[PDB]
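Contents: one structure, followed by commentary.
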Amino acid sequence: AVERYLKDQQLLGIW
Amino acid sequence: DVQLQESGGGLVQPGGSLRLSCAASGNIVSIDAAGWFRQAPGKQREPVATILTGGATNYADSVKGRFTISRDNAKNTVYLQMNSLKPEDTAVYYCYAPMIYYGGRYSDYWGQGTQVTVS
């Protein structure tokens with residue numbers, strides 16, 4: 001749940 | 001530990017099509033989200049595409065309409081469908097998989113890259 005958030009935030013930061 | 005491995009690259013004619021795959025050697029770890037980068041001959045590494053854990057997808061402006069990112073969850077593989085290539089797409093393509101669990105610890109992982117040429 002939190003891990004999901006982390007992964008996604010790593011990917012969204014890229015932009 | 002794990003080693004991401006890109007494949008499906010290679011030579012292709014202008015107007016052609018390719019499908020890149022990215023996976024962990026031996027399927028020992030799942031990939032729930034990932035993204036594709038590319039590096040042109042004399043340019044800066046840039047993001048190309050992204051897919052989150054939820055399924056949400058984002059692309060660079062120079063590839064929207066042409067590329068499609070996706071994943072086969074049963075084989076922990078992520079794909080990049082590349083259509084209507086043009087010489088601007090000539091580059092080395094890298095695979096990025098964040099926060100992968102292995103041997104007691106999370107870590108980000110990169111592939112060694114794959115050549116794509118449009119002549």
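Convention: chains lettered A, B, ... in structure tokens order; per-chain residue numbering from 1; ligands numbered from 1 as shown.
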All residues 8 Å or closer to residue 15 (chain A), only C-alpha atoms, same chain fewer than 3 positions away omitted, as a PyMOL selection string: (chain A and resi 11-12) or (chain B and resi 47)
Store the residues picked out above, limited to C-alpha atoms, as a short mmCIF file (atom, residue, chain, number, x, y, z; two decimals), in the first residue's frame.
data_model
loop_
_atom_site.label_atom_id
_atom_site.label_comp_id
_atom_site.auth_asym_id
_atom_site.auth_seq_id
_atom_site.Cartn_x
_atom_site.Cartn_y
_atom_site.Cartn_z
CA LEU A 11 8.09 7.00 -11.56
CA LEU A 12 6.09 10.26 -11.50
CA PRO B 47 12.27 9.65 -20.20
#
DSSP strand (DSSP E) residues within chain B, as an MDAnalysis selection string: chainID B and resid 4:7 10:12 17:24 34:39 46:51 57:59 67:72 77:83 91:102 105:110 114:118
Selected residues, C-alpha atoms, written as a compact mmCIF listing (two decimals), in the first residue's frame, please.
# COMPACT_ATOMS: atom_id res chain seq x y z
CA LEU B 4 17.24 -6.54 -15.81
CA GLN B 5 17.54 -7.50 -19.45
CA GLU B 6 16.10 -5.60 -22.39
CA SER B 7 15.49 -7.28 -25.77
CA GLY B 10 17.76 -3.95 -33.44
CA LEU B 11 17.57 -2.61 -36.94
CA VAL B 12 14.31 -1.48 -38.48
CA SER B 17 7.81 -1.21 -35.82
CA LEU B 18 9.46 -2.85 -32.82
CA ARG B 19 8.45 -4.26 -29.46
CA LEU B 20 10.95 -4.07 -26.63
CA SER B 21 10.72 -6.37 -23.65
CA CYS B 22 12.35 -6.09 -20.26
CA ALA B 23 12.66 -8.76 -17.63
CA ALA B 24 14.61 -10.18 -14.72
CA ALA B 34 8.45 0.52 -14.57
CA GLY B 35 9.59 2.99 -17.21
CA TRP B 36 11.60 3.38 -20.41
CA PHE B 37 14.42 5.89 -21.03
CA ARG B 38 16.33 6.53 -24.30
CA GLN B 39 19.69 8.08 -25.18
CA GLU B 46 15.32 11.44 -21.51
CA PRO B 47 12.27 9.65 -20.20
CA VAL B 48 10.16 7.90 -22.82
CA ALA B 49 7.37 6.12 -21.00
CA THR B 50 6.01 5.02 -17.62
CA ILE B 51 3.51 2.63 -16.07
CA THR B 57 0.51 5.36 -18.22
CA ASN B 58 2.44 8.46 -19.28
CA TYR B 59 4.52 9.22 -22.36
CA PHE B 67 4.43 4.16 -28.33
CA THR B 68 2.57 1.92 -25.88
CA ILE B 69 3.84 0.63 -22.53
CA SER B 70 2.32 -2.48 -20.91
CA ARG B 71 3.16 -5.47 -18.72
CA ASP B 72 2.52 -9.17 -18.59
CA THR B 77 7.84 -8.58 -18.11
CA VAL B 78 7.31 -5.04 -19.29
CA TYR B 79 6.80 -4.14 -22.94
CA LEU B 80 7.28 -1.07 -25.11
CA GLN B 81 5.45 -1.19 -28.45
CA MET B 82 7.07 1.28 -30.87
CA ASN B 83 5.17 2.24 -34.04
CA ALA B 91 18.90 5.50 -29.67
CA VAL B 92 19.92 3.23 -26.81
CA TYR B 93 16.86 2.27 -24.78
CA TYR B 94 17.07 1.57 -21.05
CA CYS B 95 14.67 -0.15 -18.64
CA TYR B 96 14.02 1.18 -15.14
CA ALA B 97 12.33 -0.87 -12.40
CA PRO B 98 12.03 0.89 -9.01
CA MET B 99 11.91 -0.62 -5.50
CA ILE B 100 12.39 -4.30 -6.33
CA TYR B 101 12.54 -6.63 -3.35
CA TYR B 102 15.35 -9.17 -3.24
CA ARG B 105 16.09 -5.58 0.65
CA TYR B 106 14.42 -3.13 -1.75
CA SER B 107 16.47 -1.55 -4.55
CA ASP B 108 16.19 0.27 -7.90
CA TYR B 109 17.41 -1.61 -10.96
CA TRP B 110 18.63 -0.70 -14.46
CA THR B 114 19.50 -2.09 -26.00
CA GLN B 115 20.38 -0.57 -29.37
CA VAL B 116 17.63 0.65 -31.68
CA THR B 117 18.43 1.84 -35.19
CA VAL B 118 16.22 3.42 -37.83
All alpha helix (DSSP H) positions in chain A, as number ranges by chain: A: 2-13
Residue list for chain A near chain B as a PyMOL selection string, 8 Å, only C-alpha atoms: chain A and resi 4+6-8+10-11+14-15
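You can rank B:13, B:76, B:61, B:8 by their closest distance to residue 25 (chain B) using only C-alpha atoms, and at the top of that list sits B:76.
Distance-wise, CA of residue 87 (chain B) and CA of residue 13 (chain A) end up 28.0 Å apart.
Note that CA of residue 14 (chain B) and CA of residue 86 (chain B) are 5.4 Å apart.
Separating CA of residue 89 (chain B) from CA of residue 43 (chain B) is a distance of 12.0 Å.
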